[PDB]
Amino acid sequence: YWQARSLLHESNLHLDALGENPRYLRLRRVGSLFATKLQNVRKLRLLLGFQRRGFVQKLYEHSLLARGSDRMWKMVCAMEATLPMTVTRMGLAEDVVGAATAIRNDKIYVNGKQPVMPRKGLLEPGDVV
RNA sequence: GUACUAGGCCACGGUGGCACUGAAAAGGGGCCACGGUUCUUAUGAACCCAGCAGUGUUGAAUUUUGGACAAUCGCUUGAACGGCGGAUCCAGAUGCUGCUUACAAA
């Protein structure tokens, strides 16, 4: 009941009403700003620490061209098929950036010796790491 | 609705006219006239990069006077992995891109 909210219900964790019984007037309502989209792209790149445009753009078109069920459990599946997120799922680093340095050493051993594609992934199902 | 990719077909080879041969006609085949470029002791001859590189003007801007027949593919030759091809294949300079890139050591 409390948990498992809607996957796009992130407007309940930004500003709320009828749960704050004080300050009846002067309540901040959200304006028409696209800066939350730009900072959400910042939340996307900060989960990779990578240069802003090219990687998230290339993963965006790959996420469109892979399958067409939806864009929410599958676009983050395109995020999750990437190798630095995959290493963070294994737990070989404190965070994504340290894992990126570890793969920058080529300490990693994806599919035998090394990933053939270091910056882009993409780990298909059936690929050892 | 509008600049390219590669490739289909046509047209043209400084300009214009025409012919041989060939089954079919001419981009480094033949003849004449033009317009250029050089030289003559001036009488006349030689040549025509919209082939490759390269030069010069203009341009905001335009590449190396590279290697090679080995791969094709073509032409040719009955030896000979033969001969040739600025087609091509490989390298350069140069926009776009996809893709890596810390060294040490087995």
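Backbone-built Cβ (ideal geometry, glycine too); neighbour counts: all protein chains shown. Rule-based calculations on the coordinates, nothing more; no lab input.
Candidates A:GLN57, A:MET79, A:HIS9 compared by Cα position along the dipole of chain A: farthest toward the positive end lies A:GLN57, with charges placed on Cβ. Projecting label points 7 angstrom from Cα along Cα→Cβ for A:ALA4 and A:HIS62 puts them 3.2 nm apart.
A simple spin-label model places the labels of A:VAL30 and A:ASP106 4.6 nm from each other, with each point 7 Å out along Cα-to-Cβ. Translational diffusion coefficient of chain A (Stokes-Einstein, Kirkwood radius from Cα pairs, 25 °C, 0.890 mPa s): 140 µm²/s. Working note: Karplus 6.51/-1.76/1.60 with θ = phi - 60° gives segment A:10-16 the couplings 9, 8, 8, 9, 10, 8, 9 Hz, where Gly and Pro are set to x.
Listed by chain and number, the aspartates and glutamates whose C-alpha is less than 15 Å from the C-alpha of A:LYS58, apart from same-chain residues fewer than 8 away, are A:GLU80.
Sequence-distant contacts, meaning Cα pairs under 8 Å at least 6 residues apart, place the relative contact order of segment A:46-129 at 26 percent. Of the residues A:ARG52, A:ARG23, the one with the fewest other Cβ atoms within 10 Å heads the list, and the complete ranking is A:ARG23, A:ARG52.
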